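Have a look at the structure below, then the notes.
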Amino acid sequence: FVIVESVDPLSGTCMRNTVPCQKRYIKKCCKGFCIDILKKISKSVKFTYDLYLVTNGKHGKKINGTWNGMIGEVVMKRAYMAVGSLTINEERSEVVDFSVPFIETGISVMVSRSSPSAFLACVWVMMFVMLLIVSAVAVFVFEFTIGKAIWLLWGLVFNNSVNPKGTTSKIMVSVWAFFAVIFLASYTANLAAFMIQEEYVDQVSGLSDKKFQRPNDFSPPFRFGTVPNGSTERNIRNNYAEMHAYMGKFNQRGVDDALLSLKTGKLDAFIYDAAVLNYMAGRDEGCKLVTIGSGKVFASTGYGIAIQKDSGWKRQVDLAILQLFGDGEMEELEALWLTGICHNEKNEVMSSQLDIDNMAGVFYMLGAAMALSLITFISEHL
Amino acid sequence: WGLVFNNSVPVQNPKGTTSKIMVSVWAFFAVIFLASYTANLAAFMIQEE
Amino acid sequence: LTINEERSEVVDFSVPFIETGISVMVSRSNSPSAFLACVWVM
Amino acid sequence: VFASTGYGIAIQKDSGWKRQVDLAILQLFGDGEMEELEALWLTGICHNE
Amino acid sequence: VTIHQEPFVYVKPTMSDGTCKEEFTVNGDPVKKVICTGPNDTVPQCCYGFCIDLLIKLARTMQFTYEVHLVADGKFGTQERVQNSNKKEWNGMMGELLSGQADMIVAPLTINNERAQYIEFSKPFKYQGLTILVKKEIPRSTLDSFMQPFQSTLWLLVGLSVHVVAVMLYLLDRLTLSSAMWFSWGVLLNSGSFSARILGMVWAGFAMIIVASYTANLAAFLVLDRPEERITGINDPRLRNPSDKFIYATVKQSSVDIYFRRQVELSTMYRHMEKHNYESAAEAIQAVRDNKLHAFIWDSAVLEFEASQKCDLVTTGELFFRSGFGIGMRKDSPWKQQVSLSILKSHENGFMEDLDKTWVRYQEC
Amino acid sequence: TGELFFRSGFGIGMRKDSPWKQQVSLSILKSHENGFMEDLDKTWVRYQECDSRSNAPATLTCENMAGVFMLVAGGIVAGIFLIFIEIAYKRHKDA
Amino acid sequence: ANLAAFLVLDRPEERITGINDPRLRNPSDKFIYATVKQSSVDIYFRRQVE
């Protein structure tokens, strides 16, 4: 969303289109393509624009009985117009003038995935049908032996691996031989099916989840959260009480530093701005983490910069935005910033790994069916 | 060598008790060898030119 | 039109606006058995 | 590559713009907008290259 | 004159005394060679190259005594501002041509809108390319298969489980019970009471889907992500994102490097290229062997020759700053226009693909 | 379709200034604050009418394969007929 | 391998590339792509260069 640096020590100066600012007050390089969007804005706006550093507190928020922060800095009226992208906040909105969206945003917590047996319907219809034809051939044996023959051809049902003397009945079995042959083809076929085209999930349920709506109710802690004075988290103060409750263990510092915690993964995910989220997607070390859910909308909103309540450029400033989306060059703003790096906004990549207990689920599904056969065997004893 | 393709030789398995598992060596071995066959089946099955 | 040495020798020809070459292109309507070494060693 | 060459337009032998015209080409590839010329024409449709 | 470039030429010291090793081709011809004095890093040295070959056939069109020189500095040439008198000055081969130190320059350098007001040249001796040197990442994918990537715990777990199922079989029995090593486990390997027979079908489909699982494992062994190579395009984000994570650049004082040196959007990029620049394209192949940077950039077709040089490297995406090569031409030349004609005839004849036989057509990897 | 084109949204028509203007905007803000949005998805959007595929999860494949499998069943009935005719052939052939 | 054909297969693309999408960018009578008369986004087309 925002870039900065030191001015060029050789020349002691800014580069690119960058307009720097002082730091107390010492000039330091101020950068970033959204601020740039503000620049191209001021262009047709023709409004003298001189950068400043932020004093403290990242964005603005209520402090004690008052507010202290960027928005608060605006409330201080120490500046004509704001710089930096902070979410539209109804509270902050009620405070003073907020601009129109420069870009959309939302609440999100994104993470990584470090399978549901579907290999294991009407196939069974073909099975019982094959039992019917099995009866037919059992009749064909006229001109255990007939009864367990169902188990004989049924041997093919898995790779044969268990024969009647019927000469015509032999080819009658051969029916099940080619049939079950292509049925093995069906098995390896579904093996291709799951073998290709997987999806899975980390199953994010949103603000509320098993791991969220009843987070303490599970065995491990699943930590999804943000840093001090989270704006979207301020919405979470409204969203859920247990949220801000568990937020204590969820305590974390730094944004990119939080991404580092993701590299550690000591927490479930990191609640943050969905815009900032996707940002965290594009810039990364490699492909590990994934969006909060798919990036499904959670607390639809946007961030941006603004000016004092009832300011000069206000309407016309919004019009400047109207130009901004007008030319379509905002696409080129992605090209300046939001353009995709990690990409992968759709494809599921590869889950390739060995088998796991998830694979073992079907194994259990048969192993218990054995016990079912034991109960029915006691019924045979009855 | 019957295993070399899917077993399927009607003829007279040997009666050796230890020799049985000795065959079982070729059973798992040739099993994953079938895995090798279907594996190359994946190979050509993917990535053609 | 392609730079043609003949035509080039004729009169002034510009520099390349874009590259070109001789070609004849087609389709494949309907593989070399490679399913069928050290495997045999095993 | 078969018979590496190119097509295009030109003028009479020893014409006015000649050198400078080539220079105009130098601009043409200069800005890189020839990529945008693909975007005007040569851009891929069938892709699958 | 030129600089030794394996894509362009094979240039090494002379053999013993004024000696050049005589060797036929891979196709068996003993292609010609030449010699040029120069420094090795001012001494007599040897000259051989498919480019140099194009000089050979070139004079073979218009007879002229072939003289071969080296390049004092490393670069090709560039208009350059001095520390005094404030005059932009082409350098090197360009400068040496302004110096006229040789008849006509020969090298695989691009016609530059820069070089325009400096010098002229004919149509491309070949259609060439320039892009970012791409380094191949190490694929592995190897496995012991059902050994390696199959159910690390469950490989044995389901097995002893099957031993327990065998205990259920012997239960159905109550040796024949002791025969379960053959019956149930034999069912597993498929290696050769009507109530329990159902359980027969049970361990049966069980192993069926098990082998199936091994097949899926084969699919893992083949199909797999092996994630992308980056190297997107002129807009490539990795290149477009200033940081210290990755290193992508080209050598100092190069023609395409100048294609960066006059730019708008590339600003931060070429800025990085300042601290990231290198000297020799050979030094680029070297730093690649070292995997020194994250990425490099040079003449693209040349980099295809580098693909012939080593497998540790990759082919970049597509065309960047389409250009080509030719003969150095200062003002007008007595050999100028007819020389261009010679190029034309070169395109007409197969001496091009023949040059591929000299170098390009060789498939190394 | 592919991706975003001309990012935009919806709202309430406002002419010049409105007595309900700014506070109405506030109402929107509160709307974003509350879940009435996702509730509106419940009104319409959240309803999932159809699936979304990429590949062809046919792993069932059954009713499709019914021609080949049931075709094998045809081989079975053919087993009845040809086994009866051939049954007379070898049976009476021994007679 | 036949099963692999039954699963893996091309099923070629959907076109619909982007604002630069060639099919849309290539005037002809082959394909028909448009929006309704007198619409807002239609106006987003009505003021344009490319």
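We count from 1, first residue shown onward.
Quick check of the header: electron microscopy, 5.0 Å.
Using the three backbone atoms N, Cα and C, a Cβ is placed for every residue, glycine included.
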Task = Let me know which member of A:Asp36, A:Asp273, A:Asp284, A:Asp310 Swiss-Prot also records as binding L-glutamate at the site of A:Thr87, A:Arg92, A:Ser231, A:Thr232.
result = A:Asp273
Inquiry  = In terms of membrane topology from Swiss-Prot, A:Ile171 and A:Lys314: same side, yes or no?
reply    = no
Ask   = Taking A:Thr87, A:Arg92, A:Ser231, A:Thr232, A:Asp273 as the record's L-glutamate-binding set, what's the max Cα pairwise distance in Å, rounded to a whole number?
value = 16
Message = Between A:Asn64, A:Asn159, which of the recorded positions has its C-beta surrounded by the fewest other C-beta atoms within 10 Å?
response = A:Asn64
Request  = Would you list the other residues of this chain near L-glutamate - those whose C-beta lies within 8 angstroms of the C-beta centroid of A:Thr87, A:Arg92, A:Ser231, A:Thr232, A:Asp273 - in sequence order?
outcome  = A:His59, A:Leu86, A:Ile88, A:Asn89, A:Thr105, A:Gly230, A:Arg234, A:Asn235, A:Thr301, A:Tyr303
Note = Quick note, A:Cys30 (disulfide bond) and A:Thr87 (L-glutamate binding site): C-alpha atoms separated, nearest Å, by 21
Note = Rounded Cα distance in angstrom between A:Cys14 (disulfide bond) and A:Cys21 (disulfide bond) is 10
For the topological domain 'Cytoplasmic' (A:165-171), residues assigned helix / strand / coil by DSSP = 5 helix, 0 strand, 2 coil
Query = If you run the three-state DSSP split on A:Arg92 (L-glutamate binding site), which class comes out?
reply = helix
Note = The rounded CA-CA distance in Å from A:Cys342 (disulfide bond) to A:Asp273 (L-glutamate binding site) is 18
